[PDB]
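We begin with a single chain expressed as structure tokens, specifically the form deposited in one PDB entry.
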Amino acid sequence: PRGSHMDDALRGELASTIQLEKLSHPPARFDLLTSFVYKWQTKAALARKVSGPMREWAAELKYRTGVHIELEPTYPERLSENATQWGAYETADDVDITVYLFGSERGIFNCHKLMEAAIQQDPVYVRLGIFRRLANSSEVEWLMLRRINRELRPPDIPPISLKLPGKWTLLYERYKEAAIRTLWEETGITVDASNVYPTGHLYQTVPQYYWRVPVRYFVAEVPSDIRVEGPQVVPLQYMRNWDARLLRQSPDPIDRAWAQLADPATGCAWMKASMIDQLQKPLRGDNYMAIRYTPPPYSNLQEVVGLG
């Protein structure tokens, strides 16, 4: 019942081999979905590529074929263990996951080959660090957004995410291609692929959070004078039309900094790296921007951005 609701929410933002096993009927726990049902016994290293933290790719597979993807840890009691067929999993990739498919065999056949191609790639989150240089200052300003995540979310996703632009790679989409397209979807800024530079990737997960995906990072300079329109895809899902008087007095530092630098008409804000890491210091430690958005030397840009 929760899996469907999350797939319905992503509909607005949508525009070596797999051994399936047909099941006579589904287990009683999955009858409400029941329409055939096929099972795929795999690991989280593979099942993560057809689901996603917010069911990004499980919803696209439904948008494509009409099949419903349902995932469950095969032996979830092992995820409650600290220290073999039983005990704590070594890594998240090793977590046994059982995937269920619901729909017509026509739609299941289409999704099956889509899934066999999905598990071949590396689907990740992308963040294109958009920055501009200030004539009066020496440091750069980065464009920040605050997305209001939905109620149906995994426990590792906050209610509001202070983020730089960027979403996720669609099925068969590539890193830079996703970073540029998702940049416009969240900001409305058009950046050329020759000015986008990869700055690194991060993957930190635990077995209990088997769904977590790597994050590929990019940076690109924007002209200091530019019309930042804000989110054009699902704009209601971002912090907008807020009230600067009362939020300025919120006990959250993010919130106060948002009331002072954010524009409620666009939901966007320009922040310096020293300000972003100060905001991320109590949650992430030091060097939040430097760890993620340090340009490669061939960009001839780590001099300009200031992290280096």
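For clarity, a rigid core is taken as the largest C-alpha set superposing within 1.5 Å between two forms. Sequential numbering from 1, following the sequence displayed.
- The segment from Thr34 to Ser35 is interrupted, since 1 to 3 residues of the deposited sequence in that interval carry no coordinates.
- Per the record, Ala15 and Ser16 are separated by 10 or more deposited residues that have no coordinates.
- Between the stretches 108-116 and 222-230, it is 222-230 that shows the larger average CA temperature factor.
- For the pair 41-49 and 253-261, the mean Cα B-factor is higher in 253-261.
- In this structure the maximum Cα B-factor among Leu79, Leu71, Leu145, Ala135 is found at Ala135.
- Within the selection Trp168, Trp211, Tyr217, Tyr172, the deposited Cα B-factor values reach their highest point at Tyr172.
- Per the deposited record, the Cα B-factor of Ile291 falls in the lowest third when ranked against the other modelled residues of its chain.
- Ranked by C-alpha B-factor against the other modelled residues of its chain, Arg55 falls in the lowest third.
- For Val126, the recorded CA temperature factor ranks within the lowest third of the chain's modelled residues.
- When all modelled residues of the chain are sorted by CA temperature factor, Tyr203 is found within the lowest third.
- Placement of the Cα temperature factor of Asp93 within the chain: lowest third of the modelled residues, per the deposited record.
FYI, the form deposited in another entry isn't displayed, but the following is about it.
- For the residue set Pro214, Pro198, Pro154, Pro235, core-aligned C-alpha shifts between the shown form and the other one reach 2 angstroms or more at a single site, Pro154.
- Superposed on the core, the two forms barely differ at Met271: its CA moves less than 2 Å between the shown form and the other one.
- Put the two forms on the same core and the Cα of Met54 is off by 2 Å or more between the shown form and the other one.
- Whereas the shown form places them at one spacing, the Cα atoms of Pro53 and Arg78 lie at least 3 Å farther apart in the other entry.
- In the other entry, the CA atoms of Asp156 and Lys49 sit farther apart than in the displayed form, by at least 3 angstroms.
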